[PDB]
Ligand SMILES: [Zn+2]
Ligand SMILES: [Zn+2]
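In this note's numbering, the protein residues as written are 18 to 70.
Here it is in structure tokens:
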């Protein structure tokens, strides 16, 4: 017997709740990350969906 499932999803570098996803790369990234991407002309949209912000 053995198990090892990861629950919450946090950036492997920032370790912060991932509330975004980069299309181009097709991977999930955190908020801080976005900055870089959004700067490199990378498409990024919120997972949870639309919010007040
Ligand atoms: Zn990150
Ligand atoms: Zn990107």
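Built from N, CA and C at the ideal position, the CB exists for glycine as well.
Would residue i be called buried (16 or more neighbouring beta carbons within 10 Å of its own) or exposed?
| i | result |
| --- | --- |
| residue 46 | buried |
| residue 35 | buried |
Which class does residue i belong to by DSSP, given the choice of helix, strand or coil?
| i | result |
| --- | --- |
| residue 48 | helix |
Would you kindly check if the distance between the Cβ of residue j and the Cβ of residue i is under 8 Å?
| i | j | result |
| --- | --- | --- |
| residue 62 | residue 37 | yes |
| residue 48 | residue 25 | no |
| residue 41 | residue 60 | yes |
| residue 39 | residue 54 | yes |
Pocket of ligand 1 (residues with CB nearer than 6 Å to any heavy atom), chain order: 28, 30, 31, 46, 47, 49 and 50
Strictly closer than 6 Å from CB to any heavy atom of ligand 2: give me those residues in the order they appear in the chain. 39, 41, 42, 54 and 59
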